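Starting off, we have a lone chain in the form deposited in one PDB entry, written out as structure tokens.
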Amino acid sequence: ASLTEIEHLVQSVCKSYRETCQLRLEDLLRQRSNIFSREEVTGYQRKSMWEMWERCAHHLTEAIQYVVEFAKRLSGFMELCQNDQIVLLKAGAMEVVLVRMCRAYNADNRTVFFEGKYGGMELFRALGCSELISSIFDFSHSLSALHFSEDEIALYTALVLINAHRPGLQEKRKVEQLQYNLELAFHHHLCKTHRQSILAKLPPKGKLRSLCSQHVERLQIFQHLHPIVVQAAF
């Protein structure tokens, strides 16, 4: 690939993210002043773990839908065989959701955008998963310290997904090629934006995997007893 082709890949990935980011950064930022009152938090805390599960399940399913859409728009992804598209998304879609969450997180007061307002970790008390919730908040806080641009998120999350080391890939070489081109795109763009400094500050690949594993385990326990049907966005 040439520098023009690399730059075209950059622009393409960034457009794909802009179109599938689900919530606009501008809207997330403007709504930071909109925070759940004490009585609203109490209202959430009083809800059954089952109600909080179905609400959270709905929001997670929706978020995954947008991540899948993002993948489908990535140059080359649709050219991979069906098995490999599934392997990559099965392994990475929830990891991308966790990265995307940092945009909806306010480090100033440790709150997250949830059902239209910002709330702290105590909003989720009824789940009885305080360790997991706290880890998700800590992770988001770590990422917010980097002041990720929209385009850095676009390129970083593309690379979360396009990982040739995922077990079960039938065309590993094709995935390797896509991953390498995306690494070129990411590194080239960091250079063009004087943002080289962020690479060393990104969380180790193992940190995101570890958090996602803990997350999924908790999700499986809820979804096993309480499945839910969710709207899709074509």
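We call the rigid core the largest set of C-alpha positions that still match within 1.5 Å between the two forms. Shifts are known only where both forms have a C-alpha. Position 1 is the first residue in the sequence shown; the rest follow in order.
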Completion exercise
Once average C-alpha B-factors are taken from the entry for 131-139 and 74-82, the winner is 74-82
Completion exercise
Between 187-195 and 24-32, the record assigns the higher mean Cα B factor to 24-32
Exercise for the section: Please place residue 169 in the lowest, middle or highest third of its chain by C-alpha B factor as given in the entry. Expected result: highest
Fill in the blank from the handout: Of the three thirds of the chain ranked by Cα temperature factor, residue 219 occupies the highest
Fill in the blank from the handout: So, residue 69's CA B-factor, relative to its chain, sits in which third? The lowest
Exercise for the section: Please place residue 37 in the lowest, middle or highest third of its chain by C-alpha B factor as given in the entry. Expected result: highest
Exercise for the section: Going by the recorded CA B-factors, say which third of the chain residue 13 sits in, lowest, middle or highest. Expected result: lowest
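Below: the form deposited in another entry, not depicted.
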Exercise for the section: Using a superposition on the rigid core, decide whether the Cα position of residue 17 changes by 2 angstroms or more between the shown form and the other one. Expected result: no
Practice task
Using a superposition on the rigid core, decide whether the Cα position of residue 223 changes by 2 angstroms or more between the shown form and the other one.
Solution key: yes
Exercise for the section: Just say closer or farther for the C-alpha distance from residue 227 to residue 72 in that other deposited form, relative to the shown form; it changes by 3 Å or more. Expected result: farther
Handout entry: Direction of C-alpha distance change in that other deposited form, residue 85 to residue 223 (at least 3 Å)
Key = farther
Handout entry: Rigid-core superposition between the shown form and the other one, with residue runs of at least 3 whose C-alphas all shift by 2 Å or more
Key = 219-234
